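Quick notes on the structure that follows.
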Amino acid sequence: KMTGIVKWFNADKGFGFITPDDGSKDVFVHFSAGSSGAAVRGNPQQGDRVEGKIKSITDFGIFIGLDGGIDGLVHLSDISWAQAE
Amino acid sequence: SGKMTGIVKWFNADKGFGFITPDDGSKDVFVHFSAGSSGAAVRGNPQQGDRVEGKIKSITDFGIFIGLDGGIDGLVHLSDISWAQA
Amino acid sequence: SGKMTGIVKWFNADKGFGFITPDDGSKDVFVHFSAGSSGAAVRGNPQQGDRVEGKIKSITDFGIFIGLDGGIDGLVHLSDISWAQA
Amino acid sequence: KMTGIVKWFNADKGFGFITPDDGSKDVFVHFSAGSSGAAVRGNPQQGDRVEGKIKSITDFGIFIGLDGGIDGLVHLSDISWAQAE
Numbered sequence: 018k019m020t021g022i023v024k025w026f027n028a029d030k031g032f033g034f035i036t037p038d039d040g041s042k043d044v045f046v047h048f049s050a051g052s053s054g055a056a057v058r059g060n061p062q063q064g065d066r067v068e069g070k071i072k073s074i075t076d077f078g079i080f081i082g083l084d085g086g087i088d089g090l091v092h093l094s095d096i097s098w099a100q101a102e
Numbered sequence: 016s017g018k019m020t021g022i023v024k025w026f027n028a029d030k031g032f033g034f035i036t037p038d039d040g041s042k043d044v045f046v047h048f049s050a051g052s053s054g055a056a057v058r059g060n061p062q063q064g065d066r067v068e069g070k071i072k073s074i075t076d077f078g079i080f081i082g083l084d085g086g087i088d089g090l091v092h093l094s095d096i097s098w099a100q101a
Numbered sequence: 016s017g018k019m020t021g022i023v024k025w026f027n028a029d030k031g032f033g034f035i036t037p038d039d040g041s042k043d044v045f046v047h048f049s050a051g052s053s054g055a056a057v058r059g060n061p062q063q064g065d066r067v068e069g070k071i072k073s074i075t076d077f078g079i080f081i082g083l084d085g086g087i088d089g090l091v092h093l094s095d096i097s098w099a100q101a
Numbered sequence: 018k019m020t021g022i023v024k025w026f027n028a029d030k031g032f033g034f035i036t037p038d039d040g041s042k043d044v045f046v047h048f049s050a051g052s053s054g055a056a057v058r059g060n061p062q063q064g065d066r067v068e069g070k071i072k073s074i075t076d077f078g079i080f081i082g083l084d085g086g087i088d089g090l091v092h093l094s095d096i097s098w099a100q101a102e
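Okay, structure coming up:
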C-alpha cells in the first residue's frame, strides 16, 4: 500500500512522479493509461493525493544485448525444465 | 510476448537464477525466479544445452524509486494506481 | 548507440526528466539527467515537438541489488570488479 | 567501494553473485568479461574475496516498447536542447 502526493504528472501518457508518505525516496511511475471501470479523472496536480499498490519484482527476465547491455526487463510468469538425472 | 522456449546456457535452481538462449531473437536472457514462477517442488538444474520454457509478460506498470543521490534505488510492480478527482 | 537525436514529447528540465521520440527505431525514451549529462547552466524546457540530442551508452557493467524479499532493490553501475587469484 | 564474498560466479561469461560486507542485500553482477591489463584469474569460488566500485545510475534513458514495456536501459552521457524563449 503506497500513499503519497503528486509532484508532477501526465495521466494521459501514463507517467508521473510521487513523494510517498513513507521512506525517503520519491518514485517515478509509469503505467498503462486506460480504463478499469470508472470514468476518467483529471490529470492530478502538484499536492494531490495518489495511491497505489506495489509489489516486488521477484520473478523476472533481463534481456542482454549482443553488446552486453540491458535490452529489456520482463515479468516471468512461469518457468519449467526437466531436471538432469 | 507470452511463450518463450529456449536452451539453457547456465543454471542455479537452488538460488533461483539462470541464463537462457531463447529460440527467438538475438538476445540471451537472465532469469530470476521464486516458487511463484517455478512451483513449490524442489527441482535440480537442467543440463546445459537442454530445453527450458517460460511465460513472459511486459512490465508496463512500474515504479522507479529515486535515491537521495538521484540513482535507481528500486524497481517495483505498480499493481494499481489511483488519484483524487478534479 | 552513441548519438541519439529526436523530438520532445514532454519535458521537466527543473527536475531532470523528459520524454523523447528518437528519430531512429519505434521506441520512445524517458530520460533522467543531472548536471553530469546536461551541464551546469540553468536551462528551461524545450518546446514540445522541438529537437533534442543526446549521447547514449549501453550499460554492460552493473549490479542488481536483491532485497530480503527477493526483489530488485537497486541498480548500479559497476565501475571496476576484481577478485582473488586462484 | 564495494567489498564482499563470492556466492557463485561465472567469470568467463561475465556474471556473478556476491554478498557485500555492508548492508543486508546481495548483488547480482554482470560485466563485460575481458582484459584491462592483467592476466586472467580463475573463476572465483564460493568464499573468495571480490571487490568493485559502484556508482549510482543518475543519468539514464529507459526505452519504452510499443506495448508500454521496459525495452532497454542506457546510460545518458549527455543531452542538449534549445530552451523555449
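Chains as they are written, first to last, in the deposited numbering: chain A, 18 to 102; chain B, 16 to 101; chain B', 16 to 101; chain A', 18 to 102. A prime marks a further copy of an entry chain.
Note that beta-carbon positions come from the ideal geometry of N, C-alpha and C, so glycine has one too.
- By the rule that beta-carbons nearer than 8 Å mark a contact, A'/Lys30 touches chain B.
- Three or more Cβ pairs closer than 8 Å define a contact, and the stretch 68–88 of chain B' falls short of that threshold against the stretch 94–101 of chain B.
- Annotated three-state conformation of A'/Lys30 is helix, per DSSP.
- Judged by DSSP in its simplified three-state form, B'/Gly51 adopts helix.
- Around the Cβ of A'/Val57, a 10 Å sphere holds fewer than 16 other Cβ atoms; the residue is exposed.
- Here DSSP, grouped into helix, strand and coil, assigns B/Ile81 to strand.
- Cβ proximity to chain A' below 9 Å picks out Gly82, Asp84, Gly85, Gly86, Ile87, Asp88 and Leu90 from the stretch 82–97 of chain B.
- For the stretch 32–58 of chain B', the residues whose beta carbon sits under 8 Å from a beta carbon of chain B are, in order, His47 and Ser49.
- Counting along the chain, the unbroken beta strand (DSSP E) around B/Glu68 starts and ends at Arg66 to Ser73.
- The beta carbons of A'/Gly78 and B'/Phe45 sit closer together than 8 Å.
- Distance from the Cα of B/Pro37 is smallest, within the candidate group B/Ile81, B/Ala101, B/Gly64 and B/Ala28, for B/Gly64.
- Here B'/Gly21 is bridged, per DSSP, to B'/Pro37 and B'/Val67.
- Counting the other Cβ atoms within 10 Å of the Cβ of A'/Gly54 gives fewer than 16, which makes it exposed.
- The bridge partners DSSP lists for B/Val44 are A/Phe80 and B/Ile35.
- The alpha-carbon of A'/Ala101 is positioned some 11 Å away from that of B'/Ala28.
- DSSP places B/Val91 inside the beta strand (DSSP E), whose first and last residues are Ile87 to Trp98.
- The beta carbon of A/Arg66 lies closer than 7 Å to those of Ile22 in the same chain, with the five residues before and after it left out.
- For chain B, the residues of the stretch 56–75 of chain A' that bring a beta carbon within less than 7 Å of one of its beta carbons are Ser73, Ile74 and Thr75, in chain order.
- Taking each of B/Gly51, B/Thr20, B/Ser16 and B/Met19 in turn and checking the Cα distance to B/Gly31, the smallest one comes out for B/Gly51.
- B'/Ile74 sits away from A'/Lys42, with the two beta carbons spaced by 8 Å or more.
- Taking the CA atoms as reference points, B/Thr20 sits about 6 Å from B/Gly69.
- Of B'/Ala99, B'/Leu83, B'/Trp98 and B'/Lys72, the smallest CA-CA separation from B'/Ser16 is found for B'/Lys72.
- In this structure, B'/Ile35 is the residue among B'/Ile35, B'/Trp98 and B'/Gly40 with its C-alpha nearest to the C-alpha of B'/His47.
- B/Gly33 has its alpha-carbon roughly 9 Å from the corresponding atom of B/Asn60.
- Residue A'/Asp76 holds the alpha-carbon nearest to the alpha-carbon of B'/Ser49 among A'/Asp76, A'/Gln62, A'/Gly40 and A'/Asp39.
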